[PDB]
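Working notes, structure below.
Read the figures in this text as sums done on the coordinates, not as results from a lab. Ideal geometry is used to build each Cβ from the backbone, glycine not excepted, and the neighbour counts take in all protein chains shown.
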Amino acid sequence: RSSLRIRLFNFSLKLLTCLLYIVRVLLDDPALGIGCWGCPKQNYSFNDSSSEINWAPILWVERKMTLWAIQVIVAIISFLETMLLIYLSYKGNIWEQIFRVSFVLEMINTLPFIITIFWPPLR
């Protein structure tokens, strides 16, 4: 029954982290200024005339320190629990875990939250 508790924890964690993403996107305004992090923060407007698409709003989203710190812990424990359960269940076959499309999405969603610690401007 402990494994059921672990699975429930995983599912509740995933739901809570997408809820934190939606609360992040709800409390943030683009008109204030968008930048990488810290000092460089500057405004953008979109015009239908020029077909050039300015990507700066896409890569960089304004985020407060508290929300980032909360999300990083969730992502770290998420990856740790997922790979702990993967190591718990080998079935005599470590392969084919890459092509199962459940770990690629997880890992791509999770590693950047740890990488952000390496580069403070990348938060």
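Taking loop as defined by DSSP and a crowding limit of 12 other beta carbons within 10 Å, which GluC sites (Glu not before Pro) in the range 30-123 fit? Loop-located and lightly packed - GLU52, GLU96.
Between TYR90 and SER102, residue separation times 0.36 nm minus the direct Cα-Cα distance comes to 2.8 nm.
Each pair of Cα atoms in the chain enters the Kirkwood radius, and Stokes-Einstein at 10 °C and 1.306 mPa s then converts it into a translational diffusion coefficient of 93 µm²/s.
Would you calculate the separation in nanometres between label points at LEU16 and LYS64, each defined as 7 Å from the Cα along the Cα-to-beta-carbon direction? Here the modelled spin labels are 1.9 nm apart. Calculate the FRET efficiency for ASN109 and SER45 from the Cβ-Cβ distance with a Förster distance of 30 Å, rounded to the nearest 0.05. Given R0 = 30 Å and the Cβ-Cβ separation, E is 0.45.
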